[PDB]
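We begin with a single chain expressed as C-alpha cells, specifically the form deposited in one PDB entry.
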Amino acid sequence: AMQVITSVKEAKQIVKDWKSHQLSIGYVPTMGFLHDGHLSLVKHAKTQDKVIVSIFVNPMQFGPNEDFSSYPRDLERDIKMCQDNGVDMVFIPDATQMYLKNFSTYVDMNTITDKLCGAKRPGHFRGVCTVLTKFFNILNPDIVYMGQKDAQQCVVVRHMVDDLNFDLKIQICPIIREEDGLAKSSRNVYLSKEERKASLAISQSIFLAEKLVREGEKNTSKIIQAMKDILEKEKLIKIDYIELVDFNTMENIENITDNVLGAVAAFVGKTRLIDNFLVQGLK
C-alpha cells in the first residue's frame, strides 16, 4: 500500500530499504494541489523501480509580496491522485520537520538565478536550491523529474546538481496544457472566468513565437514584438517580462543561433503566470 510519510526519519528508512534491494528511485518534487502536469512527471518517473512524490509548500521560496498564504492546498485530493497513479510514497513533511528551530544554512549560486523570474523574485532560487538539496539528501533519488514550464528552475537545479556533485540526473519534461492551451499550473485555480479568457494570450504568444522561430526567424526583437502585440490586446494582462534567452546561460540573445528559450511572465489580474517555448539544435 502507498505510504504517506510525514517524518524525515521514516522517509529515510523506506528509501534505505529500497536501496538494499538495488531498486532505482524516481522523484517528483511538488507543492501539491496536483494536476495533469504533475501526473505527467509521475508517468516519466515510472521508468524507475520506485516513485516518490513530495508535497511541500516551501516557505523559503516565497516572498512577503507573493501568494504563500493563498497557495491552493488539498492534501486529500493529492493523496488520491498519487494513489490512483501508482506513486509508492507521498512524502509530506511540514516546515517544523524540514526547518528546525535553529536552521540557518542555505544553497545559492552566482549565475543563472539573477535573470528572468530570479530578478523579480529575490530569495526564490535560494529557497528552491536549499529545499531540493534537503530533499535529494533525504530521498536519495536517481532521477528527478521536473517540468519545463519552470524552465529557469530546471536549469538552476541542473547547475546546482553539477556544481555540488549530486549523484543523480534532472530530467526536464514538456509542458502539459489545458484543452484551451493554458499551461497547467496550480495557480490557474485563482483565475476568474474573464481572467481565464485573457490568460490564453500567453500561450498564444508562445505558439506564435515558436512557429516564427521554427520558420527561420532569427531576430529576437521581431519575435518579442509579435508576442507583445498579442498580449497587449488583453487589458487584464500586465506583462512582467518577455525575453528570448540562451537556454544554458539565461542571457538575452539578439540573434538566434543554435537555441532559444522564449519565456513570458505576466500578471492576469493579481495572478502571476509563466510559460515558454524551447528550441534546441538549430543550424
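Just count from 1 along the sequence shown to find any residue number.
Peer 1: Going by the mean C-alpha B-factor recorded in the entry, which is higher: 213-221 or 242-250?
Peer 2: It is 213-221.
Peer 1: Given the B-factors recorded for C-alpha atoms, which segment has the greater mean, 56-64 or 226-234?
Peer 2: On average, C-alpha B-factors are higher across 226-234.
Peer 1: Based on the PDB record, which member of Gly118, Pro93, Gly127, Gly181 exhibits the highest Cα temperature factor?
Peer 2: When the deposited C-alpha B-factors of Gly118, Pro93, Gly127, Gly181 are compared, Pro93 is largest.
Peer 1: I'd like to know which of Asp84, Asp108, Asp163, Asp114 has the highest C-alpha temperature factor in the PDB entry.
Peer 2: The listed residue with the largest C-alpha B-factor is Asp84.
Peer 1: Select lowest, middle or highest to describe the third in which the CA B-factor of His44 falls within its chain in this entry.
Peer 2: Answer is middle: the recorded C-alpha B-factor places it there.
Peer 1: Among all modelled residues of this chain, ranked by Cα B factor, put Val189 in the bottom, middle or top third, i.e. lowest, middle or highest.
Peer 2: Within its chain, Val189 is a middle-third residue by C-alpha B-factor, going by the deposited values.
Peer 1: Please place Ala263 in the lowest, middle or highest third of its chain according to the CA B-factor in the PDB entry.
Peer 2: Its C-alpha B-factor belongs to the lowest third of this chain's values.
Peer 1: Based on the entry's values, in what third of the chain does the Cα temperature factor of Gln97 lie: lowest, middle or highest?
Peer 2: Top third by C-alpha B-factor.
Peer 1: Which third of the chain does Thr30 land in by C-alpha B-factor: lowest, middle or highest?
Peer 2: Lowest third, going by the recorded CA B-factors of the chain.
Omitted here: the form solved in complex with a small molecule. The next part is about that form.
Peer 1: Work out which of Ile206, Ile143, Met146, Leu139 lies within 4.5 Å of the small molecule in the deposited complex, going by heavy atoms.
Peer 2: Only one option qualifies, and that one is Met146.
Peer 1: Pick from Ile202, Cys82, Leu132, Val156: which has a non-hydrogen atom within 4.5 Å of the small molecule in the deposited complex?
Peer 2: That would be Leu132.
Peer 1: Using a 4.5 Å heavy atom cut-off, which of 103-111, 116-124, 159-167, 72-80 contacts the small molecule in the deposited complex?
Peer 2: Contact-bearing stretch, as computed: 116-124.
Peer 1: Would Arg187 show up as a contact with the small molecule in the deposited complex if we use heavy atoms at 4.5 Å?
Peer 2: Output for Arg187 is yes: heavy atoms within 4.5 Å of the small molecule.
Peer 1: If we define contact as a non-hydrogen atom of the residue within 4.5 angstroms of the partner, is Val128 a contact of the small molecule in the deposited complex?
Peer 2: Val128 belongs to the contact set for the small molecule.
Peer 1: Spell out, yes or no, whether the shortest heavy atom distance between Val245 and the small molecule in the deposited complex is within 4.5 Å.
Peer 2: No, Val245 is distant from the partner.
Peer 1: Wondering, does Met31 line up within 4.5 Å of the small molecule in the deposited complex on heavy atoms?
Peer 2: Close contact exists here: in the deposited complex, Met31 approaches the small molecule to within 4.5 Å, heavy atoms only.
Peer 1: Non-hydrogen atoms within 4.5 angstroms of the small molecule in the deposited complex: do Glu10, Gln13 and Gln97 all have one?
Peer 2: No: none of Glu10, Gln13 and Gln97 comes within 4.5 Å of the small molecule in the deposited complex.
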